[PDB]
4 protein chains.
Amino acid sequence: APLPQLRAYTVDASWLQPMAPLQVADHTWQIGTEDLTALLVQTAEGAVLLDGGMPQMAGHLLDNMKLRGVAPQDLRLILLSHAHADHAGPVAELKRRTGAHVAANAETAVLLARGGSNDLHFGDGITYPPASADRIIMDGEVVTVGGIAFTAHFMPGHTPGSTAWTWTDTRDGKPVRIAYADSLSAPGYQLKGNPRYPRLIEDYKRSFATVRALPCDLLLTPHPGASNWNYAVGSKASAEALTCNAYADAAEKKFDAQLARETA
Amino acid sequence: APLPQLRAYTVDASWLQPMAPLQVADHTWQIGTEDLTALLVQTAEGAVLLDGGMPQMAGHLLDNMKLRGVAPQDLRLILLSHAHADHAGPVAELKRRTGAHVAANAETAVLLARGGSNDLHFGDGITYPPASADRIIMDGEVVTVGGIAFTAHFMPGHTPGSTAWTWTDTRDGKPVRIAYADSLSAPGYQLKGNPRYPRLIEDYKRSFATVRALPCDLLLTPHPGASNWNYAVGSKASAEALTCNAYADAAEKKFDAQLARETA
Amino acid sequence: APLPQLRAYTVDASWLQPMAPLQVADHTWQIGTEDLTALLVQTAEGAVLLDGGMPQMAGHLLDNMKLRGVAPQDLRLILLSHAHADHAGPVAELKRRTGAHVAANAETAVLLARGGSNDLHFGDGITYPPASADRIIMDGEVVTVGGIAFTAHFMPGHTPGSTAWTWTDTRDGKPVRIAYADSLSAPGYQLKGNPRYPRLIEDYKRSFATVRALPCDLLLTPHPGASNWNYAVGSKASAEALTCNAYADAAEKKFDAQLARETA
Amino acid sequence: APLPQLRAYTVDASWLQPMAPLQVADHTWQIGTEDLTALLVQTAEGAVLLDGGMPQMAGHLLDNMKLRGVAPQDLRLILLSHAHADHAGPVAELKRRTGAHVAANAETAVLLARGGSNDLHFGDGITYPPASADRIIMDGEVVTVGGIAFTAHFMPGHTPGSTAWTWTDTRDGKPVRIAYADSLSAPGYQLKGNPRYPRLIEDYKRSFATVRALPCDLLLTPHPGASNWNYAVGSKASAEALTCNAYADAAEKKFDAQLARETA
Ligand SMILES: [Zn+2]
Ligand SMILES: [Zn+2]
Ligand SMILES: [Zn+2]
Ligand SMILES: [Zn+2]
Ligand SMILES: [Zn+2]
Ligand SMILES: [Zn+2]
Ligand SMILES: [Zn+2]
Ligand SMILES: [Zn+2]
């Protein structure tokens, strides 16, 4: 009876279903897959990428970036919601082939540094190639690239370094406040009495109140299903999208129910 | 047609076949599997571990260490041949549960830091949890733990940081010079004109001459099949073991043949 | 007119005034200088060191550790209040000569990783040799060494990774709750509208309330003057020591006054 | 008698004497000081910087880069001879304000990672802000930026990661082979029997033979005095510059004399 072989991280097929760049705002484009959000922001001095998806998506992101007339050297910054395999996967490969820098908080940086290994809840089950953060950002810090200001809002919970990113774009000249809120889920997490995360419940609670007060007109999430986005129906993707109030309220209801049945 | 799922690193069953501690010398014990070498050296001030095997072997190494009366806190140093998934796998987990330090050269340290990702020949196919080296050793540097001196001999080839470790133990009072030579293989490596490793051929050549002149009475390798060690037959494991001269000569013949058919 | 020469970090003479190990509790010893706190905790399975002082203090700490019968290999863990040059200075040298591990939060780890460079308020004026944290701890996480449980309490302010450490020792069999609270000062810090630390004021406020509710019978600080400790008068050092209530209240008064005159 | 205060790294005044960009070739410009070489290469897709000088030179390099019409975001790559305080000083600050990447070998990367601390010969006397290498290069590896190919030649000695950089530029349409050879000196180094660098003498010897066979028409060094460059006399700076043969031969004579008097 030998030791078991290593198990690879396998996801649903729609998570790896490539799609053409779908326009969100005047300068905001979704270049990920049908069920994984990878946001591209085109400015006059470069491009900004928020998240990247699975590790095997690095080639697809460069193809859609070239579709938008963005050379690899035009990508200047990589922002992250949280450093998990399904969102920070291709960050290491993207840094090598584009010459871009990565801005993340300290908790996302140390999780990105060990490639997701030794996760607080998943252990070593979701390991991806490690990457190093070049600039450490704080809560409420502003990151400006080409005249577009990105404000970070810490919302710990899913990961200690979970971060919501807000920035104001336009839609035919009229401003639209966009909020990229991280996941508020806790799949299989032990919430009560977790020795690796003692104040996990308190962090989730303040994170729910943080998402509610976000300057938002249009909301996006790393997983489009959490915000009722349908990336496959083209221009009607934001038809039934949720607000920040409905997103945090529905997430808190699933959290309180999970906490109740975890006690019993 | 979605993107392909991630593929896990799977090895032969005998590579993960656990075995009881087999004695090599007075203070040297093999605690790995039947086809993967993990060496333990018991001194008066602590224990030294050379290599670790696959990532899923961290629990087995601690069990055999406790079999030898070595608590986790007694492990003081972790030496490596090269930082690949099948030899430096459990290093990250071993550092967390034992409180030991890792000594490796600069090239093995940077490969250990990114968990084997972005390999010169394998890319991201063999990723393991990353670990940080605590002390950088040079060629010919002596590392002493509890009166047993470990001398490092750089032999680049399989990896740029491939290292042979030599130390003198005893066998009922009589000294035995032990050489732990790294792998001299190049499975699927592009030898001629490799842009990621231009002087690969020259490094392999000087590495063959390095293994030949090693102070050795008993030779061991990360893979016991390369040195004709049979870990399964108990005390007759070193029956038909090779010398350093025969090991480097047979490895060079397979290298020259690989180089000849690669040209054509 | 050439560019100015580099300026070294120079402190008061009493900060580098070596002293003999002064006993704080049954297992707690102060082994730093007269004006810099370096705490040593002797257990049955090893020793724990909290802070280290200035970088040039690594030799003095080992001498006092040997005075207490603690060999370098007996030091197992290094805890930190915050990663500044006057408290985490010798951490890099202590890790090389003792074989110990460093436990710190993510914000202290990234500050320790760059040796205090690129400080939020000091820039590159207080650079010390960099060191790597081996274990990342969270708020309220318990670290046990030899039966003595260390609980971490995050108190951001002086640095984002400022941490108070609490542990229960004895005094001739009777328990004493010891709290090692980090500095609550802000020397020269820009509090209002700081772009590198937007929520600095809010973090200081919750940190004041955190220090107040600490399980404490005897309080210690990295700088003994902040807690009215007099390390030079021997056994009467804790004569006029402050409580956690008086320490946080007096620190908040100096913070509100600093904030008022900063506005004007 | 308190412990001594920290000593800052102080150099000659001419090492920090700023100068205007002096032209070396069609695309090569010297933008450092009068006695410290900082090379800038202007291509069609970006700029390349070789070395940077002292840590306090980051502002001067950006001013001369803006003098050449190179914005911070135009700097794409930073190459290094060796990671010492007087040559890799401003690398950390340059990476934050320019968005450039650093290419160095493994030995230069680990020395750059700890900011020059724990030097093989200098200890912690020459510490500078740490920086992380983004791409690890090998011996003979080609790095191309904007059509200009940079070939790295390892020449260990001064530091284990000492690297000579060669690239072919033009001079009014006619090609000129430029070699940027690292320092071949050993000031105060213990050459014979050094436990931190056992094969130091053998590495210096092969490094002398490496510099001799460099594809070179015009030679430059990190310190212009070693190559008889006079940065202050304008266009006649390369008047009495040495060849690669004379540079390595004169350096070997000073090495053999140092070795002889070190023995006695
Ligand atoms: Zn996730
Ligand atoms: Zn997810
Ligand atoms: Zn291998
Ligand atoms: Zn192998
Ligand atoms: Zn401080
Ligand atoms: Zn201080
Ligand atoms: Zn130097
Ligand atoms: Zn120099």
# chains A, B, ... in the order shown; residues from 1 in each chain; ligands from 1
>>> interface_residues(of="chain C", to="chain D", cutoff="7 Å", atoms="only C-alpha atoms", output="PyMOL selection string")
chain C and resi 2-3+5-10+13+16-18+114+117+127+129-130
>>> write_last_selection(atoms="N, CA, C and O atoms", output="CSV table (one decimal), in the first residue's frame")
chain,number,residue,atom,x,y,z
C,2,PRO,N,29.1,67.7,-4.2
C,2,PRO,CA,28.7,66.3,-4.4
C,2,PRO,C,27.5,65.9,-3.6
C,2,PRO,O,27.0,66.6,-2.7
C,3,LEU,N,26.9,64.7,-3.9
C,3,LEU,CA,25.8,64.2,-3.1
C,3,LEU,C,26.2,63.9,-1.7
C,3,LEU,O,27.3,63.5,-1.4
C,5,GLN,N,26.8,62.2,1.9
C,5,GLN,CA,27.1,60.8,2.4
C,5,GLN,C,26.0,60.2,3.1
C,5,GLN,O,25.1,60.9,3.6
C,6,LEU,N,26.0,58.9,3.2
C,6,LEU,CA,24.9,58.2,4.0
C,6,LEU,C,25.1,58.4,5.5
C,6,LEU,O,26.2,58.5,6.0
C,7,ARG,N,23.9,58.5,6.1
C,7,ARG,CA,23.9,58.8,7.6
C,7,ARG,C,23.5,57.5,8.3
C,7,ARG,O,22.5,56.8,7.9
C,8,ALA,N,24.3,57.2,9.3
C,8,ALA,CA,24.0,56.0,10.1
C,8,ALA,C,23.0,56.3,11.2
C,8,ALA,O,22.8,57.4,11.6
C,9,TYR,N,22.3,55.2,11.6
C,9,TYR,CA,21.3,55.3,12.7
C,9,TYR,C,22.0,55.3,14.0
C,9,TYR,O,22.6,54.3,14.5
C,10,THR,N,22.0,56.5,14.7
C,10,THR,CA,22.6,56.6,16.0
C,10,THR,C,21.6,56.9,17.1
C,10,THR,O,20.7,57.7,16.9
C,13,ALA,N,23.2,56.8,24.3
C,13,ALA,CA,24.2,55.8,24.8
C,13,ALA,C,23.5,54.8,25.7
C,13,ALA,O,23.9,53.6,25.7
C,16,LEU,N,22.3,51.4,24.2
C,16,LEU,CA,23.3,50.4,24.0
C,16,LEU,C,24.1,50.1,25.2
C,16,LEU,O,25.3,49.6,25.1
C,17,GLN,N,23.6,50.4,26.4
C,17,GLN,CA,24.3,50.1,27.7
C,17,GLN,C,24.0,48.7,28.1
C,17,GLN,O,22.9,48.4,28.7
C,18,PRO,N,24.9,47.7,28.0
C,18,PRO,CA,24.6,46.3,28.3
C,18,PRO,C,24.3,46.2,29.8
C,18,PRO,O,24.9,46.9,30.7
C,114,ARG,N,12.4,43.4,4.0
C,114,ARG,CA,13.1,44.4,3.4
C,114,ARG,C,14.0,45.2,4.4
C,114,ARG,O,14.4,46.3,4.1
C,117,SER,N,13.6,48.9,5.2
C,117,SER,CA,13.6,49.9,4.1
C,117,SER,C,12.2,50.3,3.7
C,117,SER,O,11.3,49.5,3.8
C,127,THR,N,17.6,51.4,8.1
C,127,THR,CA,17.8,50.1,7.4
C,127,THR,C,18.7,49.2,8.3
C,127,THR,O,19.7,49.6,8.8
C,129,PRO,N,19.9,44.7,8.6
C,129,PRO,CA,19.9,43.5,7.8
C,129,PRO,C,18.6,42.8,7.8
C,129,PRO,O,17.9,42.6,8.8
C,130,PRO,N,18.2,42.4,6.6
C,130,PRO,CA,16.9,41.8,6.4
C,130,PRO,C,16.8,40.4,7.0
C,130,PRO,O,17.8,39.7,7.0
>>> residues_near_ligand(ligand="ligand 5", cutoff="8 Å", atoms="only C-alpha atoms and all ligand atoms", output="JSON, numbers by chain")
{"C": [82, 83, 84, 85, 86, 87, 158, 159, 183]}
>>> write_last_selection(atoms="N, CA and C atoms", output="PDB file, in the first residue's frame")
ATOM      1  N   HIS C  82       7.489  44.977  16.793  1.00  0.00           N
ATOM      2  CA  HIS C  82       7.434  45.517  15.443  1.00  0.00           C
ATOM      3  C   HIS C  82       8.835  45.493  14.851  1.00  0.00           C
ATOM      4  N   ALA C  83       8.898  45.431  13.521  1.00  0.00           N
ATOM      5  CA  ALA C  83      10.159  45.210  12.811  1.00  0.00           C
ATOM      6  C   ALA C  83      10.822  46.548  12.481  1.00  0.00           C
ATOM      7  N   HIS C  84      11.348  47.180  13.524  1.00  0.00           N
ATOM      8  CA  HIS C  84      12.157  48.380  13.384  1.00  0.00           C
ATOM      9  C   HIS C  84      13.592  48.084  13.800  1.00  0.00           C
ATOM     10  N   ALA C  85      14.497  48.987  13.412  1.00  0.00           N
ATOM     11  CA  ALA C  85      15.925  48.737  13.591  1.00  0.00           C
ATOM     12  C   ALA C  85      16.306  48.598  15.059  1.00  0.00           C
ATOM     13  N   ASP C  86      15.605  49.291  15.952  1.00  0.00           N
ATOM     14  CA  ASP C  86      15.932  49.266  17.370  1.00  0.00           C
ATOM     15  C   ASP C  86      15.264  48.120  18.118  1.00  0.00           C
ATOM     16  N   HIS C  87      14.561  47.230  17.414  1.00  0.00           N
ATOM     17  CA  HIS C  87      13.937  46.068  18.040  1.00  0.00           C
ATOM     18  C   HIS C  87      14.115  44.769  17.265  1.00  0.00           C
ATOM     19  N   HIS C 158       2.123  52.282  15.440  1.00  0.00           N
ATOM     20  CA  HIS C 158       3.534  52.585  15.218  1.00  0.00           C
ATOM     21  C   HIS C 158       4.017  51.968  13.913  1.00  0.00           C
ATOM     22  N   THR C 159       3.744  50.681  13.726  1.00  0.00           N
ATOM     23  CA  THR C 159       3.887  49.981  12.463  1.00  0.00           C
ATOM     24  C   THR C 159       2.603  49.214  12.193  1.00  0.00           C
ATOM     25  N   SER C 183       4.941  49.728  21.223  1.00  0.00           N
ATOM     26  CA  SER C 183       4.908  51.175  21.377  1.00  0.00           C
ATOM     27  C   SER C 183       3.621  51.748  20.796  1.00  0.00           C
TER      28      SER C 183
END
>>> residues_near_ligand(ligand="ligand 7", cutoff="12 Å", atoms="only C-alpha atoms and all ligand atoms", output="ChimeraX atom specification")
/D:36,51,53-54,80-89,108,111,116,119-122,126,156-163,182-189,221-223
>>> residues_around(residues="range 230-242 of chain C", least_positions_apart="3", cutoff="6 Å", atoms="only C-alpha atoms", output="PDB file with N, CA and C atoms, in the first residue's frame")
ATOM      1  N   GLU C  34      19.906  48.732  29.091  1.00  0.00           N
ATOM      2  CA  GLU C  34      19.222  49.484  30.137  1.00  0.00           C
ATOM      3  C   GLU C  34      17.965  50.169  29.617  1.00  0.00           C
ATOM      4  N   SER C 227       6.636  52.441  29.929  1.00  0.00           N
ATOM      5  CA  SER C 227       5.902  51.742  30.974  1.00  0.00           C
ATOM      6  C   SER C 227       6.462  52.014  32.364  1.00  0.00           C
ATOM      7  N   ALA C 246      -3.388  52.732  32.317  1.00  0.00           N
ATOM      8  CA  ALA C 246      -2.653  53.992  32.370  1.00  0.00           C
ATOM      9  C   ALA C 246      -1.739  54.165  31.163  1.00  0.00           C
TER      10      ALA C 246
END
>>> select_by_dssp(residues="range 7-256 of chain B", states="helix (DSSP H, G or I)", output="JSON, numbers by chain")
{"B": [13, 14, 15, 16, 55, 56, 57, 58, 59, 60, 61, 62, 63, 64, 65, 66, 67, 72, 73, 74, 85, 86, 87, 88, 91, 92, 93, 94, 95, 96, 97, 98, 106, 107, 108, 109, 110, 111, 112, 113, 200, 201, 202, 203, 204, 205, 206, 207, 208, 209, 210, 211, 212, 224, 225, 226, 227, 231, 232, 233, 234, 235, 236, 244, 245, 246, 247, 248, 249, 250, 251, 252, 253, 254, 255, 256]}
>>> residues_around(residues="residue 212 in chain D", least_positions_apart="5", cutoff="9 Å", atoms="only C-alpha atoms", output="PyMOL selection string")
chain D and resi 207+243-249
>>> residues_around(residues="residue 164 in chain B", least_positions_apart="6", cutoff="7 Å", atoms="only C-alpha atoms", output="list in words")
residues 81, 152, 153, 154, 155, 180, 181 and 182 of chain B
>>> select_by_dssp(residues="range 1-201 of chain C", states="strand (DSSP E)", output="ChimeraX atom specification")
/C:22-23,28-30,39-42,47-50,75-79,101-104,135-136,142-145,148-154,163-171,174-180
>>> residues_around(residues="residue 217 in chain B", least_positions_apart="3", cutoff="6 Å", atoms="only C-alpha atoms", output="ChimeraX atom specification")
/B:176-178
>>> write_last_selection(atoms="N, CA and C atoms", output="compact mmCIF listing (two decimals), in the first residue's frame")
# COMPACT_ATOMS: atom_id res chain seq x y z
N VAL B 176 34.33 5.21 7.24
CA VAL B 176 33.83 4.95 5.90
C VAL B 176 33.49 6.29 5.26
N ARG B 177 34.11 6.57 4.11
CA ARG B 177 33.86 7.82 3.40
C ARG B 177 32.60 7.67 2.55
N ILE B 178 31.57 8.45 2.86
CA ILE B 178 30.28 8.37 2.20
C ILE B 178 30.11 9.57 1.27
>>> residues_around(residues="residue 44 in chain B", least_positions_apart="2", cutoff="12 Å", atoms="only C-alpha atoms", output="ChimeraX atom specification")
/B:27,41-42,46-48,70,74-76,144-148
>>> atom_distance(atom1="CA of residue 200 in chain D", atom2="CA of residue 50 in chain B")
26.1 Å
>>> closest_residue(among="A:256, A:134, A:45, A:35", to="ligand 2", atoms="only C-alpha atoms and all ligand atoms")
A:35
